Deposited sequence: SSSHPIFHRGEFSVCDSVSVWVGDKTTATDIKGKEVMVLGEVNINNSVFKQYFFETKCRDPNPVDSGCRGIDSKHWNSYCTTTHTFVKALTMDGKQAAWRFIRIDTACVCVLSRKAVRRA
């Protein structure tokens, strides 16, 4: 249907998609090292299966002045703590996960 909002609403320059990732087994740490992600963790009790909130680019950018700029959408990341296997022992470490989808400018 035709609703005024498709014309007058606030849109994104880049389209993304958020999902819940619970089958992550590897990731790169803050040292850029590849590390193993535990499927589970447990706080002085039962276990919490490790899940992650991720947002990546949904399959140039919208509203770009194509006369002076080239552009593209791309997935940026964030650092989040996680129970990992450092390649030696189990540790709480910051891993890199998808977190947003942004627009990249480049002059013409």
Checklist line | Where the deposited sequence has no C-alpha coordinates (positions from 1, in order) | finding: 1, 61-66, 116-120
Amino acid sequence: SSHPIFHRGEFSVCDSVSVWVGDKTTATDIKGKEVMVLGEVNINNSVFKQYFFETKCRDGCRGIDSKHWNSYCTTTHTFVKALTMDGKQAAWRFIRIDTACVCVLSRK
From here on, numbers count along this sequence of modelled residues.
Item checked: At least a third of the other entries leave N45 unmodelled -> yes
Check: Quick one: across the other PDB entries of this protein we compared, is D86 left without coordinates in at least a third of them?
Finding: yes
Notebook entry, point to check: Mean C-alpha B-factor higher for 64-72, or for 43-51?
Noted result: 43-51
Next item on the list: With reference to the PDB entry, specify whether the mean Cα temperature factor is higher for 86-94 or for 6-14.
Entry: 86-94
Checklist line | Third of chain Cα B-factors occupied by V35 | finding: lowest
